[PDB]
Each structure stands twice: as C-alpha cells, then as structure tokens.
C-alpha cells in the first residue's frame, strides 16, 4: 500500500491507526485549522475559506450538530468528523449560493454556545459542459452544447482540457437526460488507440487523489454533477461522461495534465 494523501481522523493526535490533520506517507494538511475552545451573546459567526478546517472540542452535543442551518440557508460540508467528541468541519469547494450558514450547539457549563459558519463566496465557473438549454441556472459552465441541437442517433463530444502546475477548479456537467456512468463518483475510461475496451471505473482510482469532493444539483429535469480538485496530480489523466436525452447523445471528454 502506498497510501499518500491528507488525513483527518481516518482509518488505515493518534490512537490500523487514526491520523489527525507498505509505505504510508502522511501529508501535513494543506489548509488552515481553526480551533474553538469550549463569542457575542453566546454565539460565534465565522467566515471559512474553500477547504479551510474548523475543529470544535466539546463533549456535549444533545442532538446532530452542523447538519442544519441557523437561518434560511443550508451550508453543507462533505466532511463532518465525529470522534472522541471532537467534531471537525471541512469547508466545501462549491456552494449553491452566498446566503448560506450552518449551526452547532455546544452545551458548555450551563450556557448554550451556538456556532454559525458562512462562506467567503467566490463566483466560480465549472470547467465542463452544459448540455441543457435553459438560460436560467445558478451554475456557469466553460463550455456549452445544447443536446436538443444534435441529430437523432448521433454522438458528439464536448472536450475540456486542464493545464496548470497546481489545480483548484470544479469539473462537471449539466445533463437534461440520463448521465452515464454515475458521474463523477464513477467515470468512463478514455478511448484506446488500439481495439481495446473502455471500462467504467471510480474517479478516485483514475485521478489517484484523496477526499475528491463531489457535488450535485438539480434544476427541473436538468441534472448537475461536479467534483473539486486541489493540487498537482501525479500524471496526465483523461476520462469521459455521457449525457443522453431520447435519441440524442453527447459525451464530455476531460483531459487533466501534470
């Protein structure tokens, strides 16, 4: 095993070993960790950066915390670590809107300290293909190809190529029909130069990075699937995702250099 990625109380501070933020190289967490020891009127408002961590040390949480918002807003984090009553919050790389927050209640002493986190919103385009035809959407894509414009029984590609020493982008698609395979948790291998098959594989195995954040959304019969990549990849990786609506089909090919 050449396990080499970031570590946040994951299984192979330390206690088969957990790792706070066969060769198993441990990378020191690439982001800032914000620790709270348990502000104005028993509540604490905190702005988090994309990927920034927030750890709370509190042994009293009477119900599920940081799983709901303290206003008309749901700030969803993909990693809410619960261990030895030391909850861990990982700020996402994508969010539906700026008007979003999450709440946690820590019963410290005989007072309810409630934490509220907000995002330092940054307008982010998705490097990918929009195969839908609605001009109304909360998502912006680098490429577009309205699948309704393609002929029945035809197959057309929409290519996306990424070429940066270090990456920090969102890759995804918008499909008004069926997505093949279950993108982006599983992607379709690139085409061979020889007469060889192309299989469905997990994206994690193809890119070979840990905690690859995956995001999703839906706006009518339009499905949005996305994923975030932060850092340099070991090798130039390519993969595909198919969108298909009735007799029309279009496929997104993605090539990421390094």
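Residue numbers count along the first chain shown, from 1.
The modelled chain is continuous from residue 246 to residue 247, since every residue of the deposited sequence in that stretch has coordinates. The deposited model assigns a higher average Cα B-factor to 130-138 than to the other stretch when 179-187 and 130-138 are compared. For the pair 64-72 and 201-209, the mean Cα B-factor is higher in 64-72. Per the deposited coordinates, the residue with the largest Cα temperature factor out of 224, 230, 57, 195 is 57.
In this PDB entry, residue 107 carries a Cα temperature factor that places it within the highest third of its chain's modelled residues.
When the CA B factors of the chain's modelled residues are split into thirds, the value for residue 18 lands in the highest one. Looking at the C-alpha B-factors along this chain, the one for residue 253 belongs to the lowest third.
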